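Have a look at work25.pdb below; it lists PDB, C-alpha atoms and all ligand atoms.
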ATOM      1  CA  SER T   1     -30.834 -11.669  -1.242
ATOM      2  CA  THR T   2     -27.651 -10.143   0.182
ATOM      3  CA  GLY T   3     -24.362 -11.312   1.650
ATOM      4  CA  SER T   4     -21.847  -9.653   3.944
ATOM      5  CA  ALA T   5     -18.456 -11.065   4.896
ATOM      6  CA  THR T   6     -15.476  -9.729   6.760
ATOM      7  CA  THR T   7     -12.173  -9.648   4.890
ATOM      8  CA  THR T   8      -8.931  -9.779   6.889
ATOM      9  CA  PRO T   9      -5.347  -8.900   5.961
ATOM     10  CA  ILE T  10      -3.169 -11.989   5.810
ATOM     11  CA  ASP T  11      -0.221 -10.217   7.445
ATOM     12  CA  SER T  12       0.997  -6.986   9.017
ATOM     13  CA  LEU T  13       1.593  -5.377   5.597
ATOM     14  CA  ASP T  14      -1.846  -6.064   4.079
ATOM     15  CA  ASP T  15      -0.129  -8.155   1.354
ATOM     16  CA  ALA T  16      -3.554  -9.666   0.636
ATOM     17  CA  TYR T  17      -6.958 -10.135   2.227
ATOM     18  CA  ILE T  18      -8.772 -13.360   3.007
ATOM     19  CA  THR T  19     -12.488 -13.865   3.272
ATOM     20  CA  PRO T  20     -14.145 -17.012   4.690
ATOM     21  CA  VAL T  21     -16.185 -18.944   2.117
ATOM     22  CA  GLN T  22     -18.436 -21.941   2.803
ATOM     23  CA  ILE T  23     -18.154 -24.694   0.205
ATOM     24  CA  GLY T  24     -20.115 -27.909   0.090
ATOM     25  CA  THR T  25     -22.460 -29.850   2.356
ATOM     26  CA  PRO T  26     -21.719 -29.920   5.229
ATOM     27  CA  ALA T  27     -19.878 -26.640   4.847
ATOM     28  CA  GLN T  28     -16.143 -26.630   4.373
ATOM     29  CA  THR T  29     -14.904 -23.163   5.207
ATOM     30  CA  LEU T  30     -11.890 -21.959   3.210
ATOM     31  CA  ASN T  31     -10.255 -18.559   3.392
ATOM     32  CA  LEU T  32     -10.191 -17.206  -0.132
ATOM     33  CA  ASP T  33      -8.570 -14.174  -1.728
ATOM     34  CA  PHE T  34     -11.398 -12.210  -3.367
ATOM     35  CA  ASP T  35      -9.869 -11.049  -6.599
ATOM     36  CA  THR T  36     -11.628  -8.482  -8.828
ATOM     37  CA  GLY T  37      -8.787  -8.981 -11.340
ATOM     38  CA  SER T  38      -9.535 -12.627 -12.188
ATOM     39  CA  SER T  39     -12.561 -14.803 -12.737
ATOM     40  CA  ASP T  40     -11.787 -18.252 -11.380
ATOM     41  CA  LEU T  41     -12.916 -19.612  -8.028
ATOM     42  CA  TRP T  42     -10.214 -22.162  -7.257
ATOM     43  CA  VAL T  43      -9.233 -23.892  -4.067
ATOM     44  CA  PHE T  44      -6.546 -26.015  -2.529
ATOM     45  CA  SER T  45      -8.057 -29.479  -2.369
ATOM     46  CA  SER T  46      -7.725 -33.157  -1.612
ATOM     47  CA  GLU T  47      -6.495 -33.374  -5.224
ATOM     48  CA  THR T  48      -3.616 -30.910  -4.819
ATOM     49  CA  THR T  49      -0.143 -32.414  -5.219
ATOM     50  CA  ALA T  50       0.769 -33.189  -1.595
ATOM     51  CA  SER T  51       4.199 -31.547  -1.762
ATOM     52  CA  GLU T  52       2.496 -28.313  -2.891
ATOM     53  CA  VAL T  53       0.238 -28.049   0.150
ATOM     54  CA  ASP T  54       1.846 -26.458   3.218
ATOM     55  CA  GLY T  55      -0.685 -25.439   5.837
ATOM     56  CA  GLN T  56      -3.635 -24.497   3.635
ATOM     57  CA  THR T  57      -7.142 -25.689   4.374
ATOM     58  CA  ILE T  58      -8.264 -28.002   1.584
ATOM     59  CA  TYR T  59     -11.604 -28.647  -0.035
ATOM     60  CA  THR T  60     -12.444 -32.349  -0.141
ATOM     61  CA  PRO T  61     -15.224 -32.846  -2.683
ATOM     62  CA  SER T  62     -15.694 -36.477  -1.734
ATOM     63  CA  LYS T  63     -16.927 -35.248   1.671
ATOM     64  CA  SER T  64     -19.555 -32.936   0.177
ATOM     65  CA  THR T  65     -22.933 -34.449  -0.612
ATOM     66  CA  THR T  66     -23.648 -31.617  -3.066
ATOM     67  CA  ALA T  67     -20.341 -31.817  -4.966
ATOM     68  CA  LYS T  68     -20.549 -33.016  -8.558
ATOM     69  CA  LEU T  69     -17.592 -33.540 -10.871
ATOM     70  CA  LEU T  70     -17.985 -31.298 -13.906
ATOM     71  CA  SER T  71     -17.127 -33.989 -16.403
ATOM     72  CA  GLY T  72     -14.235 -33.155 -18.694
ATOM     73  CA  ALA T  73     -13.667 -29.669 -17.369
ATOM     74  CA  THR T  74     -10.174 -28.427 -16.612
ATOM     75  CA  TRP T  75      -8.723 -25.064 -15.745
ATOM     76  CA  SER T  76      -5.328 -23.439 -15.807
ATOM     77  CA  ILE T  77      -4.477 -19.902 -14.923
ATOM     78  CA  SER T  78      -1.351 -17.760 -14.875
ATOM     79  CA  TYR T  79      -1.294 -14.514 -12.952
ATOM     80  CA  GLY T  80       0.581 -11.236 -13.378
ATOM     81  CA  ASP T  81       3.289 -12.119 -10.852
ATOM     82  CA  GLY T  82       4.088 -15.326 -12.705
ATOM     83  CA  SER T  83       2.249 -17.583 -10.284
ATOM     84  CA  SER T  84      -0.148 -20.239 -11.539
ATOM     85  CA  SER T  85      -2.465 -23.087 -10.665
ATOM     86  CA  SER T  86      -4.491 -25.694 -12.554
ATOM     87  CA  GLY T  87      -6.822 -28.624 -12.012
ATOM     88  CA  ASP T  88     -10.290 -29.998 -12.556
ATOM     89  CA  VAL T  89     -13.728 -28.737 -11.663
ATOM     90  CA  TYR T  90     -16.663 -29.540  -9.421
ATOM     91  CA  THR T  91     -19.935 -27.769  -9.004
ATOM     92  CA  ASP T  92     -21.062 -27.314  -5.412
ATOM     93  CA  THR T  93     -22.911 -24.977  -3.096
ATOM     94  CA  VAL T  94     -20.882 -21.900  -2.207
ATOM     95  CA  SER T  95     -21.887 -19.332   0.399
ATOM     96  CA  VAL T  96     -20.333 -15.984   1.184
ATOM     97  CA  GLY T  97     -21.514 -14.061   4.215
ATOM     98  CA  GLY T  98     -24.991 -15.634   4.131
ATOM     99  CA  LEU T  99     -25.366 -15.421   0.359
ATOM    100  CA  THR T 100     -25.692 -18.848  -1.256
ATOM    101  CA  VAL T 101     -25.074 -19.957  -4.827
ATOM    102  CA  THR T 102     -25.907 -23.506  -5.857
ATOM    103  CA  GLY T 103     -24.079 -25.144  -8.750
ATOM    104  CA  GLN T 104     -21.093 -22.816  -8.479
ATOM    105  CA  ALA T 105     -18.004 -23.968 -10.377
ATOM    106  CA  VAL T 106     -15.389 -24.785  -7.754
ATOM    107  CA  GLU T 107     -12.043 -25.267  -9.464
ATOM    108  CA  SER T 108     -10.039 -27.894  -7.632
ATOM    109  CA  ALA T 109      -6.276 -27.374  -7.774
ATOM    110  CA  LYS T 110      -4.152 -30.358  -8.809
ATOM    111  CA  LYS T 111      -1.101 -28.104  -9.136
ATOM    112  CA  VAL T 112      -0.173 -24.743  -7.645
ATOM    113  CA  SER T 113       3.027 -22.730  -8.076
ATOM    114  CA  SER T 114       5.487 -22.137  -5.272
ATOM    115  CA  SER T 115       4.137 -18.755  -4.198
ATOM    116  CA  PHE T 116       0.738 -20.279  -3.430
ATOM    117  CA  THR T 117       2.319 -23.177  -1.551
ATOM    118  CA  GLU T 118       4.436 -20.755   0.431
ATOM    119  CA  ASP T 119       1.444 -18.756   1.553
ATOM    120  CA  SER T 120      -0.282 -20.879   4.188
ATOM    121  CA  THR T 121      -2.984 -18.263   4.781
ATOM    122  CA  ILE T 122      -4.630 -18.299   1.358
ATOM    123  CA  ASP T 123      -6.746 -21.383   0.591
ATOM    124  CA  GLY T 124      -7.678 -20.264  -2.904
ATOM    125  CA  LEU T 125      -8.988 -17.344  -4.950
ATOM    126  CA  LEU T 126     -12.532 -16.205  -5.630
ATOM    127  CA  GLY T 127     -12.587 -14.304  -8.909
ATOM    128  CA  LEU T 128     -14.842 -11.227  -9.232
ATOM    129  CA  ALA T 129     -13.808  -9.926 -12.640
ATOM    130  CA  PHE T 130     -16.024 -10.610 -15.628
ATOM    131  CA  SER T 131     -16.781 -14.218 -16.452
ATOM    132  CA  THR T 132     -15.306 -13.839 -19.932
ATOM    133  CA  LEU T 133     -11.877 -14.323 -18.281
ATOM    134  CA  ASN T 134     -12.821 -17.604 -16.643
ATOM    135  CA  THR T 135     -10.347 -20.286 -17.663
ATOM    136  CA  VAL T 136     -12.496 -23.397 -17.457
ATOM    137  CA  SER T 137     -12.356 -25.468 -20.607
ATOM    138  CA  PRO T 138     -14.163 -26.589 -22.718
ATOM    139  CA  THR T 139     -17.153 -24.916 -21.088
ATOM    140  CA  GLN T 140     -16.353 -21.528 -19.569
ATOM    141  CA  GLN T 141     -17.911 -21.036 -16.093
ATOM    142  CA  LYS T 142     -19.466 -18.066 -14.334
ATOM    143  CA  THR T 143     -18.105 -16.208 -11.317
ATOM    144  CA  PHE T 144     -19.807 -16.360  -7.966
ATOM    145  CA  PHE T 145     -21.053 -12.806  -8.506
ATOM    146  CA  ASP T 146     -22.348 -13.601 -11.993
ATOM    147  CA  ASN T 147     -24.259 -16.597 -10.575
ATOM    148  CA  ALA T 148     -25.633 -14.648  -7.604
ATOM    149  CA  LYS T 149     -26.559 -11.410  -9.296
ATOM    150  CA  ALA T 150     -30.113 -12.200 -10.440
ATOM    151  CA  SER T 151     -30.941 -13.122  -6.853
ATOM    152  CA  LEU T 152     -29.334 -10.039  -5.332
ATOM    153  CA  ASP T 153     -31.415  -7.111  -4.127
ATOM    154  CA  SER T 154     -29.205  -4.935  -6.329
ATOM    155  CA  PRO T 155     -26.681  -6.288  -8.862
ATOM    156  CA  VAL T 156     -23.626  -4.973  -7.018
ATOM    157  CA  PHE T 157     -20.903  -5.928  -4.652
ATOM    158  CA  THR T 158     -18.721  -3.566  -2.629
ATOM    159  CA  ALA T 159     -15.143  -3.745  -1.406
ATOM    160  CA  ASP T 160     -14.286  -1.976   1.808
ATOM    161  CA  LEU T 161     -10.716  -2.996   2.520
ATOM    162  CA  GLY T 162      -9.101  -2.010   5.801
ATOM    163  CA  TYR T 163      -5.677  -0.494   6.368
ATOM    164  CA  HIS T 164      -3.938  -2.850   8.790
ATOM    165  CA  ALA T 165      -7.453  -3.907   9.852
ATOM    166  CA  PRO T 166     -10.386  -6.007   8.778
ATOM    167  CA  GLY T 167     -12.899  -4.763   6.241
ATOM    168  CA  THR T 168     -15.954  -5.970   4.417
ATOM    169  CA  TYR T 169     -17.226  -7.436   1.156
ATOM    170  CA  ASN T 170     -20.948  -6.881   0.670
ATOM    171  CA  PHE T 171     -23.088  -8.423  -2.029
ATOM    172  CA  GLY T 172     -26.395  -7.050  -3.181
ATOM    173  CA  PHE T 173     -26.540  -3.792  -1.236
ATOM    174  CA  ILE T 174     -24.694  -0.572  -0.550
ATOM    175  CA  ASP T 175     -24.082   0.097   3.134
ATOM    176  CA  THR T 176     -24.647   3.822   3.350
ATOM    177  CA  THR T 177     -23.037   3.893   6.822
ATOM    178  CA  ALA T 178     -19.737   2.609   5.439
ATOM    179  CA  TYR T 179     -18.519   5.741   3.650
ATOM    180  CA  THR T 180     -18.478   9.504   3.907
ATOM    181  CA  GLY T 181     -19.873  12.016   1.462
ATOM    182  CA  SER T 182     -21.215  10.615  -1.790
ATOM    183  CA  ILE T 183     -20.249   7.797  -4.115
ATOM    184  CA  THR T 184     -18.848   8.987  -7.454
ATOM    185  CA  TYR T 185     -19.566   6.614 -10.287
ATOM    186  CA  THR T 186     -17.352   6.266 -13.330
ATOM    187  CA  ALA T 187     -17.579   4.343 -16.603
ATOM    188  CA  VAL T 188     -16.244   0.818 -16.977
ATOM    189  CA  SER T 189     -14.920  -0.957 -20.030
ATOM    190  CA  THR T 190     -15.379  -4.712 -19.938
ATOM    191  CA  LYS T 191     -13.477  -5.268 -23.193
ATOM    192  CA  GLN T 192     -10.499  -6.868 -21.427
ATOM    193  CA  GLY T 193     -12.676  -8.628 -18.855
ATOM    194  CA  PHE T 194     -11.615  -6.320 -16.030
ATOM    195  CA  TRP T 195     -13.227  -3.602 -13.992
ATOM    196  CA  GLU T 196     -11.360  -1.135 -16.195
ATOM    197  CA  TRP T 197     -11.919   2.583 -15.714
ATOM    198  CA  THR T 198     -10.222   5.922 -16.247
ATOM    199  CA  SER T 199      -8.913   8.015 -13.408
ATOM    200  CA  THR T 200      -9.020  11.742 -13.982
ATOM    201  CA  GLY T 201      -5.586  12.427 -12.514
ATOM    202  CA  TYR T 202      -3.434  12.596  -9.431
ATOM    203  CA  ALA T 203      -1.681  14.673  -6.820
ATOM    204  CA  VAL T 204       1.370  14.015  -4.676
ATOM    205  CA  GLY T 205       1.070  15.068  -1.052
ATOM    206  CA  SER T 206      -0.162  18.642  -0.814
ATOM    207  CA  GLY T 207       0.808  19.251  -4.451
ATOM    208  CA  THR T 208      -1.443  20.568  -7.192
ATOM    209  CA  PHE T 209      -3.723  18.105  -8.899
ATOM    210  CA  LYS T 210      -2.605  16.995 -12.345
ATOM    211  CA  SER T 211      -5.553  16.417 -14.654
ATOM    212  CA  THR T 212      -4.656  13.453 -16.834
ATOM    213  CA  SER T 213      -6.486  10.317 -17.905
ATOM    214  CA  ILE T 214      -5.108   7.146 -16.393
ATOM    215  CA  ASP T 215      -6.765   3.968 -17.620
ATOM    216  CA  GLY T 216      -6.465   1.098 -15.162
ATOM    217  CA  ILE T 217      -8.206  -1.740 -13.406
ATOM    218  CA  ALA T 218      -9.750  -1.967  -9.981
ATOM    219  CA  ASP T 219      -8.047  -5.094  -8.689
ATOM    220  CA  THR T 220      -8.519  -6.300  -5.137
ATOM    221  CA  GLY T 221      -6.198  -9.218  -5.859
ATOM    222  CA  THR T 222      -3.160  -7.007  -6.477
ATOM    223  CA  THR T 223      -1.369  -5.613  -3.430
ATOM    224  CA  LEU T 224       0.137  -2.428  -4.772
ATOM    225  CA  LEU T 225      -0.749   0.559  -6.905
ATOM    226  CA  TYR T 226       0.861   0.305 -10.361
ATOM    227  CA  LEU T 227       0.832   3.493 -12.389
ATOM    228  CA  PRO T 228       2.720   5.041 -15.347
ATOM    229  CA  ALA T 229       6.401   5.668 -14.812
ATOM    230  CA  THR T 230       5.924   9.458 -15.083
ATOM    231  CA  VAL T 231       3.396   9.432 -12.251
ATOM    232  CA  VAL T 232       5.427   7.087 -10.097
ATOM    233  CA  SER T 233       8.599   9.107 -10.589
ATOM    234  CA  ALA T 234       6.761  12.285  -9.543
ATOM    235  CA  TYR T 235       5.612  10.554  -6.367
ATOM    236  CA  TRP T 236       8.966   9.137  -5.281
ATOM    237  CA  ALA T 237      10.785  12.369  -6.133
ATOM    238  CA  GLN T 238       9.098  13.781  -3.032
ATOM    239  CA  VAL T 239      10.762  11.184  -0.787
ATOM    240  CA  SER T 240      14.379  11.866   0.155
ATOM    241  CA  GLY T 241      16.549   8.920  -0.723
ATOM    242  CA  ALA T 242      13.887   7.078  -2.709
ATOM    243  CA  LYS T 243      15.138   5.305  -5.798
ATOM    244  CA  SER T 244      14.197   2.616  -8.248
ATOM    245  CA  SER T 245      16.187  -0.535  -7.568
ATOM    246  CA  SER T 246      16.515  -3.071 -10.356
ATOM    247  CA  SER T 247      17.891  -5.615  -7.904
ATOM    248  CA  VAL T 248      14.948  -5.258  -5.562
ATOM    249  CA  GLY T 249      12.433  -4.895  -8.396
ATOM    250  CA  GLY T 250      10.969  -1.465  -7.776
ATOM    251  CA  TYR T 251      11.067   1.772  -5.832
ATOM    252  CA  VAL T 252      12.573   1.545  -2.374
ATOM    253  CA  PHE T 253      12.918   4.314   0.171
ATOM    254  CA  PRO T 254      14.567   4.890   3.537
ATOM    255  CA  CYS T 255      12.478   3.280   6.261
ATOM    256  CA  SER T 256      13.053   6.478   8.266
ATOM    257  CA  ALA T 257      10.980   8.507   5.802
ATOM    258  CA  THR T 258       7.539   9.913   6.312
ATOM    259  CA  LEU T 259       5.716   9.275   3.044
ATOM    260  CA  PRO T 260       3.494  11.846   1.345
ATOM    261  CA  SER T 261      -0.055  11.003   0.477
ATOM    262  CA  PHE T 262      -1.180  10.178  -3.048
ATOM    263  CA  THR T 263      -4.476  11.420  -4.436
ATOM    264  CA  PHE T 264      -6.245   9.933  -7.437
ATOM    265  CA  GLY T 265      -9.187  11.356  -9.312
ATOM    266  CA  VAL T 266     -12.561   9.696  -9.840
ATOM    267  CA  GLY T 267     -14.437  12.102 -12.031
ATOM    268  CA  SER T 268     -14.430  15.409 -10.158
ATOM    269  CA  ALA T 269     -13.948  13.552  -6.844
ATOM    270  CA  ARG T 270     -10.694  12.733  -5.125
ATOM    271  CA  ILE T 271      -9.533   9.719  -3.153
ATOM    272  CA  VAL T 272      -6.601  10.328  -0.841
ATOM    273  CA  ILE T 273      -4.223   7.492  -0.022
ATOM    274  CA  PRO T 274      -2.389   8.356   3.209
ATOM    275  CA  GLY T 275       1.390   8.083   3.060
ATOM    276  CA  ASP T 276       1.439   5.282   5.603
ATOM    277  CA  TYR T 277      -0.573   3.093   3.186
ATOM    278  CA  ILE T 278       2.347   3.273   0.748
ATOM    279  CA  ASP T 279       4.902   1.748   3.180
ATOM    280  CA  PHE T 280       5.462  -1.992   2.633
ATOM    281  CA  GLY T 281       8.302  -2.290   5.102
ATOM    282  CA  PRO T 282      11.867  -3.537   4.952
ATOM    283  CA  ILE T 283      12.893  -5.180   1.684
ATOM    284  CA  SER T 284      14.435  -7.966   3.794
ATOM    285  CA  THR T 285      14.284  -8.614   7.506
ATOM    286  CA  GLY T 286      16.184  -5.956   9.452
ATOM    287  CA  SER T 287      16.887  -3.808   6.393
ATOM    288  CA  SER T 288      16.508  -0.027   6.568
ATOM    289  CA  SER T 289      15.470   0.065   2.899
ATOM    290  CA  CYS T 290      11.670  -0.134   2.634
ATOM    291  CA  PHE T 291       9.567  -1.213  -0.299
ATOM    292  CA  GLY T 292       7.245   1.298  -1.930
ATOM    293  CA  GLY T 293       3.526   0.724  -2.344
ATOM    294  CA  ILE T 294       3.340   2.743  -5.560
ATOM    295  CA  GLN T 295       5.261   1.150  -8.434
ATOM    296  CA  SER T 296       5.621   1.523 -12.157
ATOM    297  CA  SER T 297       3.232  -0.343 -14.434
ATOM    298  CA  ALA T 298       5.680   0.038 -17.343
ATOM    299  CA  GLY T 299       6.556  -3.676 -17.389
ATOM    300  CA  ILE T 300       2.944  -4.863 -16.994
ATOM    301  CA  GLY T 301       0.950  -3.472 -19.889
ATOM    302  CA  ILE T 302      -1.806  -2.140 -17.697
ATOM    303  CA  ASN T 303      -2.231   0.236 -14.765
ATOM    304  CA  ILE T 304      -3.550  -1.456 -11.634
ATOM    305  CA  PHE T 305      -5.463   0.172  -8.839
ATOM    306  CA  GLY T 306      -4.611  -2.543  -6.328
ATOM    307  CA  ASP T 307      -5.233  -2.719  -2.590
ATOM    308  CA  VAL T 308      -3.071   0.331  -1.783
ATOM    309  CA  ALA T 309      -5.554   2.466  -3.730
ATOM    310  CA  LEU T 310      -8.747   0.553  -3.090
ATOM    311  CA  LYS T 311      -8.302   0.365   0.687
ATOM    312  CA  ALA T 312      -8.487   4.191   0.785
ATOM    313  CA  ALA T 313     -12.027   4.021  -0.599
ATOM    314  CA  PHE T 314     -15.410   2.401  -0.359
ATOM    315  CA  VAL T 315     -15.672   0.817  -3.819
ATOM    316  CA  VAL T 316     -18.854  -0.193  -5.590
ATOM    317  CA  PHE T 317     -18.618  -2.811  -8.301
ATOM    318  CA  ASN T 318     -21.867  -2.185 -10.098
ATOM    319  CA  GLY T 319     -22.812  -5.176 -12.255
ATOM    320  CA  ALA T 320     -25.879  -3.636 -13.886
ATOM    321  CA  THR T 321     -26.381  -4.261 -17.601
ATOM    322  CA  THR T 322     -23.857  -1.492 -18.217
ATOM    323  CA  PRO T 323     -21.333  -1.958 -15.419
ATOM    324  CA  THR T 324     -19.842   0.995 -13.569
ATOM    325  CA  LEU T 325     -17.520   1.554 -10.635
ATOM    326  CA  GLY T 326     -18.259   3.782  -7.664
ATOM    327  CA  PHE T 327     -15.744   5.325  -5.241
ATOM    328  CA  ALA T 328     -16.401   7.117  -1.952
ATOM    329  CA  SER T 329     -14.070   8.355   0.747
ATOM    330  CA  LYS T 330     -14.478   6.701   4.126
TER     331      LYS T 330
HETATM  332  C1  LIG N   1      -2.248 -14.199  -3.592
HETATM  333  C2  LIG N   1      -2.414 -13.860  -5.039
HETATM  334  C3  LIG N   1      -3.486 -13.218  -5.675
HETATM  335  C4  LIG N   1      -3.167 -13.152  -6.999
HETATM  336  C5  LIG N   1      -4.009 -12.646  -8.118
HETATM  337  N1  LIG N   1      -3.619 -11.275  -8.546
HETATM  338  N2  LIG N   1      -1.945 -13.723  -7.113
HETATM  339  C6  LIG N   1      -1.088 -13.793  -8.287
HETATM  340  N3  LIG N   1      -1.471 -14.183  -5.914
END
Produce structure tokens that represent the structure in this file.
Amino acid sequence: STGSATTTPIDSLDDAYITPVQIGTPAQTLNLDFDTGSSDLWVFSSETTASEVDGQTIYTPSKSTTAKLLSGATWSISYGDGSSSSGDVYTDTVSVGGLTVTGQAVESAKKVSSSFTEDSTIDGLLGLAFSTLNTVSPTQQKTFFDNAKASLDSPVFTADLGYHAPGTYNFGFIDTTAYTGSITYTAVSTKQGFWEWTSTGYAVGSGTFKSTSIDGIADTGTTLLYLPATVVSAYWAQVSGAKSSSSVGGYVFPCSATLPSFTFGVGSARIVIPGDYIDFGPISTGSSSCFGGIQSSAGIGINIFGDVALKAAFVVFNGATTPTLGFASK
């Protein structure tokens, strides 16, 4: 089998991407944030505290003939930005872009934190990290990918995120028309449950490439590119007026600037992030201070190749017995 689904930015800044997912019988279509940095498929639901739902589409398990309560199972997750959600668990049929999994754990939110409530465009998350991170208790559950993979033509999925435009998640095949040149594969560590890999270095704009190992995760569920403070300082030093603002919470730069590109290494290959990808617009409406798309990971504990980096590439998440990541230009 295979699946193919379009993923769409939720706003003009590509703050996140939503992908339609069919849940239940008859189908209930929810727009989920495919997140290669977490491993829970959870949804706004008929069980979500009413005051915490504001415009989201909800899953109603009582209306699905294939929904079964997973007796005794609960879940609770906290994310890197301090947001969170928790609830109970059903199994049900879940389909993504024509690819169907039966008995998928669908984690029904009873509570969500304010940032989820405040985002009317995201109906839940679909985790695509390794199932060892899944938070369901007392019986940990598998991701959609983990459940689908035996059935897939090839045990892979690919992320092809657009810049200010729709893109594609494919399951089970590599679309050789979707990238240029060749795909460079690189080793993955699953020890932390992430698609963790080691970049071979970076360049700023037309600058010389710095060979240096940067260990980080490929995370479609994180908006920005978070890298060591040395790297991030070298980038923003090339932007007149750029500075790190403690009050804003990161690097800001004059909205009048033209940003340099940022290159990262994948083995001997190079992925170039155009400067425009690094502009996340005014810090507040009407401000001429703009928020940077490359930020320090110093306060995080891990480097994160988020959407800013991934959207510059065609990315293969290879879930073979020894997982690897592939990157191609596009
Ligand atoms: C919308 C969204 C996605 C995620 C997962 N990194 N969070 C914390 N919020």
- May I ask you to write as a list in words all residues lying at most 8 Å from ligand LIG 1 (chain N), with only C-alpha atoms and all ligand atoms counted?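 After applying the 8 Å limit, what remains is residues 16, 33, 35, 37, 38, 78, 79, 80, 81, 82, 83, 84, 115, 116, 119, 122, 125, 219, 220, 221, 222 and 223 of chain T.
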Chain and number of each residue from the PyMOL selection byres (((chain T and resi 102-113) around 6) and not hetatm), as a list in words: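 Matching residues under the PyMOL selection byres (((chain T and resi 102-113) around 6) and not hetatm) are residues 41, 42, 43, 44, 45, 47, 48, 49, 83, 84, 85, 86, 87, 88, 89, 90, 91, 92, 93, 101, 114, 115 and 116 of chain T.
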The distance between CA of residue 170 (chain T) and CA of residue 148 (chain T) is 12.3 Å
- Take the PyMOL selection byres (((chain T and resi 199) around 10) and not hetatm), apply it to the structure above, and return the hits as an MDAnalysis selection string. chainID T and resid 186:187 196:198 200:202 211:217 264:270 305
Restricting it to C-alpha atoms, dump the selection as a compact mmCIF listing (two decimals), keeping the file's coordinate frame.
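Printed below is out-v9.txt as written:
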# COMPACT_ATOMS: atom_id res chain seq x y z
CA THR T 186 -17.35 6.27 -13.33
CA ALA T 187 -17.58 4.34 -16.60
CA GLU T 196 -11.36 -1.14 -16.20
CA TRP T 197 -11.92 2.58 -15.71
CA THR T 198 -10.22 5.92 -16.25
CA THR T 200 -9.02 11.74 -13.98
CA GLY T 201 -5.59 12.43 -12.51
CA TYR T 202 -3.43 12.60 -9.43
CA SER T 211 -5.55 16.42 -14.65
CA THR T 212 -4.66 13.45 -16.83
CA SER T 213 -6.49 10.32 -17.90
CA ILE T 214 -5.11 7.15 -16.39
CA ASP T 215 -6.76 3.97 -17.62
CA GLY T 216 -6.46 1.10 -15.16
CA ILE T 217 -8.21 -1.74 -13.41
CA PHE T 264 -6.24 9.93 -7.44
CA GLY T 265 -9.19 11.36 -9.31
CA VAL T 266 -12.56 9.70 -9.84
CA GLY T 267 -14.44 12.10 -12.03
CA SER T 268 -14.43 15.41 -10.16
CA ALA T 269 -13.95 13.55 -6.84
CA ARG T 270 -10.69 12.73 -5.12
CA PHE T 305 -5.46 0.17 -8.84
Restrict the calculation to all atoms listed in the file, then for each residue of region 166-222 of chain T with any atom at most 10 Å from an atom of region 232-239 of chain T give the closest atom pair and their distance in Å to one decimal, rows by chain and rising residue number, as a Markdown table.
| residue | atom | partner | partner_atom | distance |
| --- | --- | --- | --- | --- |
| T:202 | CA | T:235 | CA | 9.8 |
| T:203 | CA | T:235 | CA | 8.4 |
| T:204 | CA | T:235 | CA | 5.7 |
| T:205 | CA | T:235 | CA | 8.3 |
Output of the PyMOL selection byres (((chain T and resi 164) around 10) and not hetatm), listed as a list in words:
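Given this file, the PyMOL selection byres (((chain T and resi 164) around 10) and not hetatm) evaluates to residues 8, 9, 10, 11, 12, 13, 14, 15, 161, 162, 163, 165, 166, 167, 277 and 311 of chain T.
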With distances taken over all atoms listed in the file, which of T:73, T:224, T:172, T:327 is nearest to residue 151 (chain T)?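 Once distances to residue 151 (chain T) are computed over all atoms listed in the file, the minimum belongs to T:172.
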Which residues come within 8 Å of residue 298 (chain T), counting all atoms listed in the file, excluding same-chain residues fewer than 2 positions away, as JSON, numbers by chain? {"T": [227, 228, 229, 296, 300, 301, 302]}
Please provide the set of residues having any atom within 10 Å of region 255-262 of chain T, restricted to only C-alpha atoms, with same-chain residues fewer than 3 positions apart removed, written as JSON, numbers by chain. {"T": [202, 203, 204, 205, 206, 207, 235, 236, 238, 239, 240, 241, 242, 252, 271, 272, 273, 274, 275, 276, 277, 278, 279, 280, 281, 282, 283, 287, 288, 289, 290, 291, 292, 294, 309]}
Could you please determine the separation between CA of residue 123 (chain T) and CA of residue 53 (chain T) in Å, to one decimal place?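 Here the two named atoms are 9.7 Å from each other.
CA of residue 143 (chain T) sits 21.7 Å away from CA of residue 65 (chain T).
Minimum distance to residue 147 (chain T) across T:320, T:64, T:94, T:184 (counting all atoms listed in the file) occurs at T:94.
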**OP:** Name all residues at most 7 Å from residue 5 (chain T) (count only C-alpha atoms; drop same-chain ones fewer than 6 positions away) and give them as number ranges by chain.
**Re:** T: 19, 96-97, 168-170
Around all of region 307-322 of chain T's listed atoms, make the axis-aligned box with 4 Å on each side and tell me centre and edge lengths in Å to one decimal, as JSON.
{"center_x": -14.7, "center_y": -0.5, "center_z": -8.7, "size_x": 31.3, "size_y": 17.4, "size_z": 27.0}
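Among the candidates T:32, T:313, T:69, T:77, the one nearest to residue 17 (chain T) when counting only C-alpha atoms is T:32.
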Practice prompt. Would you kindly return, as JSON, numbers by chain, each protein, DNA or RNA residue with an atom no farther than 8 Å from any atom of residue 121 (chain T), considering only C-alpha atoms and excluding same-chain residues fewer than 6 positions away?
Written response: {"T": [10, 18, 31, 55, 56]}
Worksheet entry | Who sits within 6 Å of residue 39 (chain T), only C-alpha atoms, same chain under 5 positions skipped, as JSON, numbers by chain | {"T": [127, 128, 129, 131, 133, 134, 143]}
(request) Could you pull out every residue with an atom within 12 Å of (-25.4, 1.8, 1.7), file coordinates, counting all atoms listed in the file, and send them as a list in words? (result)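 Residues lying no farther than 12 Å from the given point: residues 154, 156, 157, 158, 160, 170, 171, 172, 173, 174, 175, 176, 177, 178, 179, 180, 181, 182, 183, 314, 315, 316, 326 and 328 of chain T.
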